[PDB]
Every structure is written in structure tokens, then in C-alpha cells.
Enquirer: 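Take this structure first; my questions come after.
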Amino acid sequence: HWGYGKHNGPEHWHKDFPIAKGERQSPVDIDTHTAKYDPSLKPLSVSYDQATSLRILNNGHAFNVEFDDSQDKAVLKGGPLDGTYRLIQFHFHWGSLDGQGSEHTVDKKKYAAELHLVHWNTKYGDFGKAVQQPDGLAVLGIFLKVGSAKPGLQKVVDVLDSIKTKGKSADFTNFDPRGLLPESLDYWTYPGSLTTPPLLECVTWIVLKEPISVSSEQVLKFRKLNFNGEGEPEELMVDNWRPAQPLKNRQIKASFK
Ligand SMILES: Oc1ccc2oc(=S)ccc2c1
Ligand SMILES: [Zn+2]
């Protein structure tokens, strides 16, 4: 139904999902000069040493690398968060050209892509219950710029040929998401939403200030994926990003001065 085309893209989503015009929608532009340093924020705790990746799936709007979230194996804590949030999946949004692709922007700057590491609050028991709560999810957002290759991304890049089309999955065990993190964990944070339907307002966003670098060849392989299923007309999976939404009555806080 919904997608990223002229007739079903982000400007149409509100018809099926009226919360698209809600009070805490994502992504947003991060105006760095009006974000306020909050000295009471904590360092983020990203504990991914025991992460168990299982599978990679082309779901028709991105690809998800899925994790075993049936125990506390890969968790996000600290920063703005109360309690423990378990990693369930990561995915990316990217452009047709290097000058666009990110969902969040920084002083109106668009990056080539954006990584979303999705975590759910363990006090709600599972992901489906968590998305119904205002503090149900924590999404760690990381910008990608094109330059040097990211060695830790290459295992993802090289499996994409096997999940070219919508509905295809492949085994994807023993992938270490620590290889996708920048050096610094300095971040901005604000309350927002899922950036795809159902657009639920359940996310504490944590957006890292330092981008990671990926090579032109790596992002080119993202752009060979297909939105369509096998045996259907080829639509390249590109420009699968929602643009910035109104900030409304929200403040963005910075972990750093
Ligand atoms: O099933 C969904 C739908 C939208 C989502 O959006 C974000 S931002 C994270 C997870 C997610 C899961
Ligand atoms: Zn996303």
C-alpha cells in the first residue's frame, strides 16, 4: 500500500495513518545552535558484546538485520533512558544520490544514508506491546557519509544479492553491530515516532553526532536492491527516507557542549 513513490509516498501516508500529522513525528531537522546541552544526561551505554544476529530480510521498504531479543543480549541503557532496551533489528534509509538519503538532518544537511538500531523497553515484555507506549522504543540513529569504506559493513553489503527482492530472507548469523558505530557516542535526543507506518509515537530518538564513512561501492550495492517482489517490474530500492517533520512543542537536547 504505502511506499516512497509519487502516488504512495510520505505526503500520502496521513490518509491511512492520521498520526502522520501528530505532535511528535519523526524525523526532524536538528538545529545544532538551538539544541541545548543537558548536563544531567548520562553517557550512553551500548552493550553489544553478546549480540546474536539471526537473519536479514528485504521487507519491501528496507532490509532488516534481525537479532535474538528473547534475552538481554544486546542492550541500550543510560543517556536519556530509564531501564533497559533490547536490540531487535537494524536497518538503513538511503538515497539515489550521495546528497540525500538521511531522515534526520543537521542544520538542514542531508547525509547519504542513516542507520537505525531499534531497541524495545523490556518492561513491556515484547516489541508489539512496547510500540503502544510513549517510552516503548529507543532508536539509535547514525549518519552515513561517502568516503572511506566501513569494514564492518561489508558482510552486510555482500549478502544483499541474495535478498534482492521483497520477501526474500537469508541466514545472517554472527554479525557484530559494534562494527557500525563511530568513535564518539556524543548525541542529540528528543521524543518522536517510527518513521514508517504505523508512525507510532513511541520512540526516544538518540542521534549520534559523528557520522560513519562508507565507500561509494558500498552504498551503490544498497541501491541495487529492489522494492518489488521477484518476477515483478524492477523498482530500485532508493530514496526510502521520510523528510523532516515539524518539531512542534519539542526540545532537542545535546549530550555534549
Ligand atoms: O514495524 C515497524 C514499523 C516502523 C518502525 O519504525 C522505526 S523508526 C523502528 C521500528 C519500526 C518497526
Ligand atoms: Zn528507520
Side-chain angles (χ1 to χ4, degrees), residues 19 21-41 43-49 72 74-93 102-111 113-124 127 130-145 177-178 180-195 199-208 210-213 241-256:
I19 199 65
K21 295 177 132 61
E23 301 303 308
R24 58 174 280 189
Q25 290 289 293
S26 294
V28 298
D29 181 56
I30 302 165
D31 177 344
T32 66
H33 288 107
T34 59
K36 195 180 158 79
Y37 170 62
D38 185 351
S40 76
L41 287 168
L44 201 56
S45 172
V46 187
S47 296
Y48 287 172
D49 54 299
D72 287 342
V75 301
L76 184 65
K77 298 160 47 65
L81 305 173
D82 291 328
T84 298
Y85 290 70
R86 276 195 198 156
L87 180 64
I88 178 168
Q89 52 104 333
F90 70 78
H91 63 270
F92 303 81
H93 306 265
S102 68
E103 294 206 310
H104 294 89
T105 56
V106 179
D107 297 332
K108 302 297 179 77
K109 179 189 171 64
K110 295 176 168 72
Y111 287 87
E114 186 173 329
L115 167 60
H116 290 163
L117 295 130
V118 180
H119 314 75
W120 56 271
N121 192 330
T122 63
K123 72 188 182 147
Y124 302 123
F127 179 86
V131 298
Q132 304 177 60
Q133 318 303 324
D135 61 349
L137 295 192
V139 183
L140 184 57
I142 303 178
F143 296 118
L144 282 60
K145 64 184 186 71
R178 292 176 292 186
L180 299 176
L181 303 178
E183 279 180 18
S184 180
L185 295 180
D186 289 347
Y187 65 87
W188 298 283
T189 185
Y190 74 96
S193 75
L194 309 180
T195 71
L199 303 166
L200 295 169
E201 292 180 336
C202 62
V203 181
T204 301
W205 278 96
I206 299 166
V207 178
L208 298 190
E210 183 174 21
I212 61 167
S213 291
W241 50 277
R242 189 188 194 192
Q245 300 302 305
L247 191 60
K248 300 193 168 169
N249 188 46
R250 294 178 287 178
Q251 288 191 348
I252 304 182
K253 300 296 182 173
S255 76
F256 62 93

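All values below come from the heavy atoms of this structure, side chains included, with hydrogens, waters and symmetry mates left out. Here, residue 1 is the first one in the sequence, and each next residue gets the next number.
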Enquirer: Test side-chain contact (heavy atoms from CB on, under 4.5 Å) on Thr32 and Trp188; report intermediate values, then the result.
Expert: CA-CA 9 Å; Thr32 66; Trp188 298 283; 3.8 Å; yes

Enquirer: List for me each residue that meets side chain to side chain contact (heavy atoms under 4.5 Å, CB included) alongside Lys145, sequence neighbours excluded, and say none if there are none.
Expert: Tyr111, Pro211, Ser213

Enquirer: Would you indicate whether the side-chain heavy atoms of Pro182 and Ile142 approach each other to under 4.5 Å?
Expert: yes

Enquirer: What residues, two or more places apart in sequence or in another chain, satisfy salt bridge (charged side-chain N to carboxylate O under 4.0 Å, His left out) together with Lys123?
Expert: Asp135

Enquirer: Which of parallel (below 30°), tilted (30 to 60°) and perpendicular (above 60°) describes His116 and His91?
Expert: perpendicular

Enquirer: Enter the distance from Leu44:CG to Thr189:OG1 here, rounded to the nearest 0.5 Å.
Expert: 9.0 Å

Enquirer: To the nearest 0.5 Å, tell me how far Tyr190 OH sits from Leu247 CG.
Expert: 8.5 Å

Enquirer: Does the side chain of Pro27 come within less than 4.5 Å of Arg242's, by heavy atoms?
Expert: yes

Enquirer: Is a side-chain donor or acceptor of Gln251 paired with a backbone partner of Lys36 at a separation under 3.5 angstrom?
Expert: no

Enquirer: Do side-chain atoms of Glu114 reach the backbone of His93 as a donor and acceptor pair under 3.5 angstrom?
Expert: no

Enquirer: Nearest 0.5 Å please: distance from the CG atom of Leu181 over to the CD1 atom of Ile212.
Expert: 8.0 Å

Enquirer: Verify side-chain contact (heavy atoms from CB on, under 4.5 Å) between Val46 and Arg178, making sure each step is shown before the conclusion.
Expert: CA-CA 9 Å; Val46 187; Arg178 292 176 292 186; over 6 Å; no

Enquirer: Roughly how far, to the nearest 0.5 Å, is the CG atom of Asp29 from the NZ atom of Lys110?
Expert: 9.0 Å

Enquirer: Do you know which two heavy atoms are closest between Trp120 and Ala130, and how far apart they sit?
Expert: CB-CB, 3.9 Å

Enquirer: What do the steps show when you test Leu140 against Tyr85 for side-chain contact (heavy atoms from CB on, under 4.5 Å), and what is the final call?
Expert: CA-CA 11 Å; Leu140 184 57; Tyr85 290 70; over 6 Å; no

Enquirer: Applying side chain to side chain contact (heavy atoms under 4.5 Å, CB included), name anything that partners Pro243, two or more places apart in sequence or on another chain.
Expert: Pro10, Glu11, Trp241, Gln245

Enquirer: Distance from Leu194 atom CG to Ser26 atom OG, nearest 0.5 Å?
Expert: 8.5 Å

Enquirer: State the CD1-CD distance between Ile19 and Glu201, to the nearest 0.5 angstrom.
Expert: 4.0 Å

Enquirer: Which residues pass the salt bridge (charged side-chain N to carboxylate O under 4.0 Å, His left out) test with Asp72, not counting sequence neighbours?
Expert: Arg86

Enquirer: Is any side-chain heavy atom of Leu137 less than 4.5 Å from a side-chain heavy atom of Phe127?
Expert: yes

Enquirer: Could you list the residues that satisfy salt bridge (charged side-chain N to carboxylate O under 4.0 Å, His left out) with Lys248, not counting sequence neighbours?
Expert: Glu23

Enquirer: Which is it for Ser193 and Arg24 under the side-chain contact (heavy atoms from CB on, under 4.5 Å) test, yes or no, and what are the steps along the way?
Expert: CA-CA 6 Å; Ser193 75; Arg24 58 174 280 189; 5.7 Å; no

Enquirer: State which residues pass salt bridge (charged side-chain N to carboxylate O under 4.0 Å, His left out) with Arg250; sequence neighbours excluded, sorted by chain then number.
Expert: none

Enquirer: Does a sphere of radius 6.0 Å around CG in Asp49 hold more than 12 heavy atoms from other residues, nucleotides or ligands, not counting ones at 6.0 Å or beyond?
Expert: yes

Enquirer: Which atom names give the shortest non-hydrogen contact between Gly192 and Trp205, and what distance separates them?
Expert: CA-CD1, 3.9 Å

